[PDB]
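Everything below belongs to work.pdb, which stores PDB, C-alpha atoms.
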```
MODEL        1
ATOM      1  CA  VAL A1027      17.704  17.730   7.343  1.00  0.00           C
ATOM      2  CA  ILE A1028      18.040  20.404  10.035  1.00  0.00           C
ATOM      3  CA  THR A1029      16.362  23.759   9.418  1.00  0.00           C
ATOM      4  CA  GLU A1030      17.204  27.422  10.049  1.00  0.00           C
ATOM      5  CA  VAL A1031      13.993  28.970  11.406  1.00  0.00           C
ATOM      6  CA  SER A1032      11.869  27.723  14.305  1.00  0.00           C
ATOM      7  CA  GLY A1033       8.179  26.893  14.070  1.00  0.00           C
ATOM      8  CA  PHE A1034       5.647  24.192  13.310  1.00  0.00           C
ATOM      9  CA  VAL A1035       5.945  21.442  10.691  1.00  0.00           C
ATOM     10  CA  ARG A1036       3.075  20.649   8.319  1.00  0.00           C
ATOM     11  CA  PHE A1037       2.652  18.364   5.309  1.00  0.00           C
ATOM     12  CA  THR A1038       2.552  20.113   1.924  1.00  0.00           C
ATOM     13  CA  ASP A1039       1.707  18.110  -1.215  1.00  0.00           C
ATOM     14  CA  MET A1040       1.965  14.866   0.795  1.00  0.00           C
ATOM     15  CA  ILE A1041      -1.011  12.641  -0.050  1.00  0.00           C
ATOM     16  CA  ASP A1042      -1.160   9.411   1.939  1.00  0.00           C
ATOM     17  CA  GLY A1043      -1.146   6.187  -0.061  1.00  0.00           C
ATOM     18  CA  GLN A1044       0.685   7.571  -3.112  1.00  0.00           C
ATOM     19  CA  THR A1045       3.332  10.060  -1.948  1.00  0.00           C
ATOM     20  CA  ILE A1046       3.823   8.410   1.466  1.00  0.00           C
ATOM     21  CA  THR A1047       3.074   4.897   2.716  1.00  0.00           C
ATOM     22  CA  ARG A1048       1.989   3.612   6.129  1.00  0.00           C
ATOM     23  CA  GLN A1049       4.804   1.337   7.344  1.00  0.00           C
ATOM     24  CA  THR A1050       4.443   0.832  11.097  1.00  0.00           C
ATOM     25  CA  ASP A1051       7.571  -0.382  12.894  1.00  0.00           C
ATOM     26  CA  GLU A1052       6.678  -3.626  14.664  1.00  0.00           C
ATOM     27  CA  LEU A1053       9.532  -4.311  17.100  1.00  0.00           C
ATOM     28  CA  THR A1054       9.956  -0.680  18.245  1.00  0.00           C
ATOM     29  CA  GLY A1055       6.567   1.054  18.179  1.00  0.00           C
ATOM     30  CA  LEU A1056       7.627   4.515  16.999  1.00  0.00           C
ATOM     31  CA  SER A1057       6.107   4.411  13.522  1.00  0.00           C
ATOM     32  CA  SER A1058       6.798   6.945  10.780  1.00  0.00           C
ATOM     33  CA  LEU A1059       5.343   7.899   7.401  1.00  0.00           C
ATOM     34  CA  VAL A1060       7.973   6.424   5.085  1.00  0.00           C
ATOM     35  CA  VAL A1061       8.476   8.658   2.049  1.00  0.00           C
ATOM     36  CA  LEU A1062       8.875   6.550  -1.091  1.00  0.00           C
ATOM     37  CA  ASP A1063      10.759   7.252  -4.315  1.00  0.00           C
ATOM     38  CA  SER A1064       9.509   7.968  -7.842  1.00  0.00           C
ATOM     39  CA  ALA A1065       9.910   4.340  -8.979  1.00  0.00           C
ATOM     40  CA  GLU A1066       7.510   2.598  -6.581  1.00  0.00           C
ATOM     41  CA  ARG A1067       4.619   5.072  -6.777  1.00  0.00           C
ATOM     42  CA  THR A1068       2.547   5.436  -9.938  1.00  0.00           C
ATOM     43  CA  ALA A1069       1.996   8.578 -12.024  1.00  0.00           C
ATOM     44  CA  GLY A1070      -0.676   9.787  -9.586  1.00  0.00           C
ATOM     45  CA  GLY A1071       1.975  10.994  -7.147  1.00  0.00           C
ATOM     46  CA  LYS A1072       5.092  11.013  -9.310  1.00  0.00           C
ATOM     47  CA  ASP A1073       4.573  14.646 -10.364  1.00  0.00           C
ATOM     48  CA  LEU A1074       3.822  15.659  -6.738  1.00  0.00           C
ATOM     49  CA  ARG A1075       7.099  15.901  -4.842  1.00  0.00           C
TER      50      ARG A1075
ATOM     51  CA  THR B 250       1.013  -3.721  -3.677  1.00  0.00           C
ATOM     52  CA  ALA B 251      -2.684  -4.512  -4.109  1.00  0.00           C
ATOM     53  CA  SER B 252      -4.637  -1.381  -5.068  1.00  0.00           C
ATOM     54  CA  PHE B 253      -7.906  -3.041  -3.971  1.00  0.00           C
ATOM     55  CA  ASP B 254      -9.292  -5.182  -1.141  1.00  0.00           C
ATOM     56  CA  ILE B 255      -8.448  -8.859  -1.705  1.00  0.00           C
ATOM     57  CA  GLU B 256     -11.219 -10.593   0.253  1.00  0.00           C
ATOM     58  CA  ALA B 257     -13.254 -13.784  -0.006  1.00  0.00           C
ATOM     59  CA  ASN B 258     -15.846 -15.671   2.050  1.00  0.00           C
ATOM     60  CA  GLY B 259     -16.581 -12.448   3.924  1.00  0.00           C
ATOM     61  CA  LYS B 260     -13.068 -12.381   5.434  1.00  0.00           C
ATOM     62  CA  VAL B 261     -10.693  -9.539   4.577  1.00  0.00           C
ATOM     63  CA  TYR B 262      -7.247 -10.916   3.712  1.00  0.00           C
ATOM     64  CA  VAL B 263      -5.472  -7.967   2.037  1.00  0.00           C
ATOM     65  CA  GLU B 264      -6.645  -4.421   2.699  1.00  0.00           C
ATOM     66  CA  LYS B 265      -6.776  -1.760  -0.008  1.00  0.00           C
ATOM     67  CA  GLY B 266      -3.372  -0.063  -0.040  1.00  0.00           C
ATOM     68  CA  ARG B 267      -1.517  -2.632   2.073  1.00  0.00           C
ATOM     69  CA  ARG B 268       1.117  -4.709   0.295  1.00  0.00           C
ATOM     70  CA  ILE B 269       0.912  -8.501   0.254  1.00  0.00           C
ATOM     71  CA  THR B 270       3.117  -9.983   2.979  1.00  0.00           C
ATOM     72  CA  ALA B 271       4.013 -13.573   3.814  1.00  0.00           C
ATOM     73  CA  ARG B 272       1.194 -13.812   6.373  1.00  0.00           C
ATOM     74  CA  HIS B 273      -1.364 -12.889   3.704  1.00  0.00           C
ATOM     75  CA  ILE B 274       0.069 -15.598   1.441  1.00  0.00           C
ATOM     76  CA  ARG B 275      -0.166 -18.134   4.274  1.00  0.00           C
ATOM     77  CA  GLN B 276      -3.780 -17.111   4.933  1.00  0.00           C
ATOM     78  CA  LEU B 277      -4.708 -17.389   1.246  1.00  0.00           C
ATOM     79  CA  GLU B 278      -2.988 -20.792   0.936  1.00  0.00           C
ATOM     80  CA  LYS B 279      -4.256 -22.426   4.137  1.00  0.00           C
ATOM     81  CA  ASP B 280      -7.831 -21.205   3.591  1.00  0.00           C
ATOM     82  CA  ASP B 281      -7.752 -22.239  -0.108  1.00  0.00           C
ATOM     83  CA  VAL B 282      -8.756 -18.858  -1.540  1.00  0.00           C
ATOM     84  CA  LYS B 283      -8.698 -19.008  -5.349  1.00  0.00           C
ATOM     85  CA  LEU B 284     -11.558 -16.867  -6.698  1.00  0.00           C
ATOM     86  CA  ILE B 285     -11.525 -13.140  -5.895  1.00  0.00           C
ATOM     87  CA  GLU B 286     -13.103  -9.957  -7.245  1.00  0.00           C
ATOM     88  CA  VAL B 287     -10.990  -7.315  -8.993  1.00  0.00           C
ATOM     89  CA  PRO B 288     -12.006  -3.792 -10.087  1.00  0.00           C
ATOM     90  CA  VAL B 289     -12.085  -2.542 -13.662  1.00  0.00           C
ATOM     91  CA  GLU B 290      -8.965  -0.409 -13.104  1.00  0.00           C
ATOM     92  CA  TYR B 291      -6.692  -3.411 -12.480  1.00  0.00           C
ATOM     93  CA  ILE B 292      -7.306  -4.981 -15.907  1.00  0.00           C
ATOM     94  CA  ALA B 293      -6.230  -1.809 -17.732  1.00  0.00           C
ATOM     95  CA  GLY B 294      -2.614  -2.530 -16.778  1.00  0.00           C
ATOM     96  CA  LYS B 295      -2.648  -6.113 -18.047  1.00  0.00           C
ATOM     97  CA  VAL B 296      -1.557  -7.208 -21.527  1.00  0.00           C
ATOM     98  CA  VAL B 297      -3.712  -9.632 -23.509  1.00  0.00           C
ATOM     99  CA  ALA B 298      -1.941 -12.775 -24.720  1.00  0.00           C
ATOM    100  CA  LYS B 299      -4.119 -14.349 -27.425  1.00  0.00           C
TER     101      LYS B 299
ENDMDL
END
```
Step by step, read the file and then write its structure as structure tokens.
Amino acid sequence: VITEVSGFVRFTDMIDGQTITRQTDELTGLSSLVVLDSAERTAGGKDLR
Amino acid sequence: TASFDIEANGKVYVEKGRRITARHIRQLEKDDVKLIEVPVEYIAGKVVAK
């Protein structure tokens, strides 16, 4: 998903709990905010890509 | 994926937002946790039978 310009990265229209879930990697340590699809989340975050 | 806090006897078993894993099932089975409190928003998704 490489970019073209250089700068900072922020979260836009990314509400935790609905748009993204907290899945911490156990056996590695380097956790990441796993972005889910439109099927798992409800209508509260379905219209918020 | 429990949208509320599944807790009983003052002990938190499933946090609000965390999905139910196998360890939560083992805790709820070994501790014999049957009765819990649910919010009013959870029943809106259910379908009455009778």
Practice problem: Can you turn the ChimeraX specification (/A :<12) & /B into a concrete residue list for this file, as a VMD selection string? | Solution: chain B and resid 250 to 252 265 to 268 294
Quiz item: Suppose you want the space between CA of residue 291 (chain B) and CA of residue 253 (chain B); what is it in Å?
Solution: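 These two atoms are separated by 8.6 Å.
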Matched chain/residue IDs from the PyMOL selection byres ((chain A and resi 1069-1071) around 8), as a CSV table (one decimal) with C-alpha atoms, in the frame of the given file:
```csv
chain,number,residue,atom,x,y,z
A,1041,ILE,CA,-1.0,12.6,0.0
A,1044,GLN,CA,0.7,7.6,-3.1
A,1045,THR,CA,3.3,10.1,-1.9
A,1067,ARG,CA,4.6,5.1,-6.8
A,1068,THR,CA,2.5,5.4,-9.9
A,1072,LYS,CA,5.1,11.0,-9.3
A,1073,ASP,CA,4.6,14.6,-10.4
A,1074,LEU,CA,3.8,15.7,-6.7
A,1075,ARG,CA,7.1,15.9,-4.8
```
Quiz item: Quick one: which residues end up in the PyMOL selection byres ((chain B and resi 277) around 12) for this structure, as an MDAnalysis selection string?
Solution: chainID B and resid 255:258 260:263 269:276 278:285
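We find CA of residue 1046 (chain A) and CA of residue 1065 (chain A) to be spaced 12.8 Å apart.
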Exercise. Could you jot down the CA of residue 286 (chain B) to CA of residue 259 (chain B) separation for me, Å, one decimal place?
Key: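 Calculated distance between CA of residue 286 (chain B) and CA of residue 259 (chain B) is 12.0 Å.
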Where atoms are absent from region 253-276 of chain B, fill them in so it carries N, CA, C and O atoms, then output it as a PDB file, keeping the file's coordinate frame.
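Writing the result to out15.pdb gives the following:
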```pdb
ATOM      1  N   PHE B 253      -6.524  -2.763  -4.334  1.00  0.00           N
ATOM      2  CA  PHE B 253      -7.906  -3.041  -3.971  1.00  0.00           C
ATOM      3  C   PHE B 253      -7.911  -3.962  -2.757  1.00  0.00           C
ATOM      4  O   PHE B 253      -6.861  -4.308  -2.208  1.00  0.00           O
ATOM      5  N   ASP B 254      -9.108  -4.360  -2.335  1.00  0.00           N
ATOM      6  CA  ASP B 254      -9.292  -5.182  -1.141  1.00  0.00           C
ATOM      7  C   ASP B 254      -9.464  -6.634  -1.573  1.00  0.00           C
ATOM      8  O   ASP B 254     -10.525  -7.027  -2.063  1.00  0.00           O
ATOM      9  N   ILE B 255      -8.414  -7.432  -1.387  1.00  0.00           N
ATOM     10  CA  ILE B 255      -8.448  -8.859  -1.705  1.00  0.00           C
ATOM     11  C   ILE B 255      -9.164  -9.561  -0.554  1.00  0.00           C
ATOM     12  O   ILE B 255      -8.592  -9.761   0.518  1.00  0.00           O
ATOM     13  N   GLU B 256     -10.422  -9.939  -0.773  1.00  0.00           N
ATOM     14  CA  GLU B 256     -11.219 -10.593   0.253  1.00  0.00           C
ATOM     15  C   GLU B 256     -12.058 -11.694  -0.378  1.00  0.00           C
ATOM     16  O   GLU B 256     -12.370 -11.654  -1.572  1.00  0.00           O
ATOM     17  N   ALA B 257     -12.418 -12.679   0.441  1.00  0.00           N
ATOM     18  CA  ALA B 257     -13.254 -13.784  -0.006  1.00  0.00           C
ATOM     19  C   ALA B 257     -13.891 -14.435   1.211  1.00  0.00           C
ATOM     20  O   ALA B 257     -13.328 -14.425   2.310  1.00  0.00           O
ATOM     21  N   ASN B 258     -15.081 -15.000   0.996  1.00  0.00           N
ATOM     22  CA  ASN B 258     -15.846 -15.671   2.050  1.00  0.00           C
ATOM     23  C   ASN B 258     -16.118 -14.728   3.222  1.00  0.00           C
ATOM     24  O   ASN B 258     -16.164 -15.141   4.382  1.00  0.00           O
ATOM     25  N   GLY B 259     -16.298 -13.444   2.914  1.00  0.00           N
ATOM     26  CA  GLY B 259     -16.581 -12.448   3.924  1.00  0.00           C
ATOM     27  C   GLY B 259     -15.430 -12.102   4.842  1.00  0.00           C
ATOM     28  O   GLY B 259     -15.631 -11.334   5.790  1.00  0.00           O
ATOM     29  N   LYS B 260     -14.236 -12.635   4.600  1.00  0.00           N
ATOM     30  CA  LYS B 260     -13.068 -12.381   5.434  1.00  0.00           C
ATOM     31  C   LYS B 260     -12.073 -11.540   4.648  1.00  0.00           C
ATOM     32  O   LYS B 260     -11.689 -11.906   3.532  1.00  0.00           O
ATOM     33  N   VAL B 261     -11.660 -10.415   5.229  1.00  0.00           N
ATOM     34  CA  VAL B 261     -10.693  -9.539   4.577  1.00  0.00           C
ATOM     35  C   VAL B 261      -9.294 -10.108   4.777  1.00  0.00           C
ATOM     36  O   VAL B 261      -8.837 -10.287   5.912  1.00  0.00           O
ATOM     37  N   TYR B 262      -8.609 -10.395   3.673  1.00  0.00           N
ATOM     38  CA  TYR B 262      -7.247 -10.916   3.712  1.00  0.00           C
ATOM     39  C   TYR B 262      -6.196  -9.852   3.430  1.00  0.00           C
ATOM     40  O   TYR B 262      -5.197  -9.770   4.151  1.00  0.00           O
ATOM     41  N   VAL B 263      -6.396  -9.037   2.397  1.00  0.00           N
ATOM     42  CA  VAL B 263      -5.472  -7.967   2.037  1.00  0.00           C
ATOM     43  C   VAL B 263      -6.272  -6.681   1.910  1.00  0.00           C
ATOM     44  O   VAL B 263      -7.178  -6.590   1.072  1.00  0.00           O
ATOM     45  N   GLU B 264      -5.942  -5.692   2.736  1.00  0.00           N
ATOM     46  CA  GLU B 264      -6.645  -4.421   2.699  1.00  0.00           C
ATOM     47  C   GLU B 264      -6.220  -3.607   1.478  1.00  0.00           C
ATOM     48  O   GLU B 264      -5.176  -3.846   0.868  1.00  0.00           O
ATOM     49  N   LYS B 265      -7.054  -2.631   1.128  1.00  0.00           N
ATOM     50  CA  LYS B 265      -6.776  -1.760  -0.008  1.00  0.00           C
ATOM     51  C   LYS B 265      -5.675  -0.776   0.367  1.00  0.00           C
ATOM     52  O   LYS B 265      -5.862   0.071   1.248  1.00  0.00           O
ATOM     53  N   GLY B 266      -4.525  -0.887  -0.302  1.00  0.00           N
ATOM     54  CA  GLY B 266      -3.372  -0.063  -0.040  1.00  0.00           C
ATOM     55  C   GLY B 266      -2.238  -0.790   0.656  1.00  0.00           C
ATOM     56  O   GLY B 266      -1.079  -0.381   0.522  1.00  0.00           O
ATOM     57  N   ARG B 267      -2.544  -1.854   1.393  1.00  0.00           N
ATOM     58  CA  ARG B 267      -1.517  -2.632   2.073  1.00  0.00           C
ATOM     59  C   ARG B 267      -0.903  -3.640   1.110  1.00  0.00           C
ATOM     60  O   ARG B 267      -1.615  -4.289   0.338  1.00  0.00           O
ATOM     61  N   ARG B 268       0.420  -3.767   1.156  1.00  0.00           N
ATOM     62  CA  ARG B 268       1.117  -4.709   0.295  1.00  0.00           C
ATOM     63  C   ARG B 268       0.960  -6.131   0.819  1.00  0.00           C
ATOM     64  O   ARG B 268       0.736  -6.358   2.012  1.00  0.00           O
ATOM     65  N   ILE B 269       1.080  -7.093  -0.091  1.00  0.00           N
ATOM     66  CA  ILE B 269       0.912  -8.501   0.254  1.00  0.00           C
ATOM     67  C   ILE B 269       2.171  -8.991   0.957  1.00  0.00           C
ATOM     68  O   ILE B 269       3.265  -8.969   0.382  1.00  0.00           O
ATOM     69  N   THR B 270       2.020  -9.430   2.201  1.00  0.00           N
ATOM     70  CA  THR B 270       3.117  -9.983   2.979  1.00  0.00           C
ATOM     71  C   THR B 270       3.039 -11.506   2.994  1.00  0.00           C
ATOM     72  O   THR B 270       2.155 -12.117   2.391  1.00  0.00           O
ATOM     73  N   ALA B 271       3.991 -12.120   3.702  1.00  0.00           N
ATOM     74  CA  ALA B 271       4.013 -13.573   3.814  1.00  0.00           C
ATOM     75  C   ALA B 271       2.828 -14.111   4.605  1.00  0.00           C
ATOM     76  O   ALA B 271       2.340 -15.205   4.299  1.00  0.00           O
ATOM     77  N   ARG B 272       2.354 -13.367   5.608  1.00  0.00           N
ATOM     78  CA  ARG B 272       1.194 -13.812   6.373  1.00  0.00           C
ATOM     79  C   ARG B 272      -0.063 -13.843   5.513  1.00  0.00           C
ATOM     80  O   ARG B 272      -0.885 -14.755   5.655  1.00  0.00           O
ATOM     81  N   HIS B 273      -0.225 -12.868   4.616  1.00  0.00           N
ATOM     82  CA  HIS B 273      -1.364 -12.889   3.704  1.00  0.00           C
ATOM     83  C   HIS B 273      -1.293 -14.088   2.767  1.00  0.00           C
ATOM     84  O   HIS B 273      -2.318 -14.713   2.471  1.00  0.00           O
ATOM     85  N   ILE B 274      -0.090 -14.428   2.298  1.00  0.00           N
ATOM     86  CA  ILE B 274       0.069 -15.598   1.441  1.00  0.00           C
ATOM     87  C   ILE B 274      -0.274 -16.870   2.207  1.00  0.00           C
ATOM     88  O   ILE B 274      -0.946 -17.765   1.680  1.00  0.00           O
ATOM     89  N   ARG B 275       0.179 -16.971   3.461  1.00  0.00           N
ATOM     90  CA  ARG B 275      -0.166 -18.134   4.274  1.00  0.00           C
ATOM     91  C   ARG B 275      -1.668 -18.231   4.507  1.00  0.00           C
ATOM     92  O   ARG B 275      -2.228 -19.333   4.474  1.00  0.00           O
ATOM     93  N   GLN B 276      -2.333 -17.098   4.739  1.00  0.00           N
ATOM     94  CA  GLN B 276      -3.780 -17.111   4.933  1.00  0.00           C
ATOM     95  C   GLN B 276      -4.499 -17.553   3.663  1.00  0.00           C
ATOM     96  O   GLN B 276      -5.431 -18.363   3.713  1.00  0.00           O
TER      97      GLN B 276
END
```
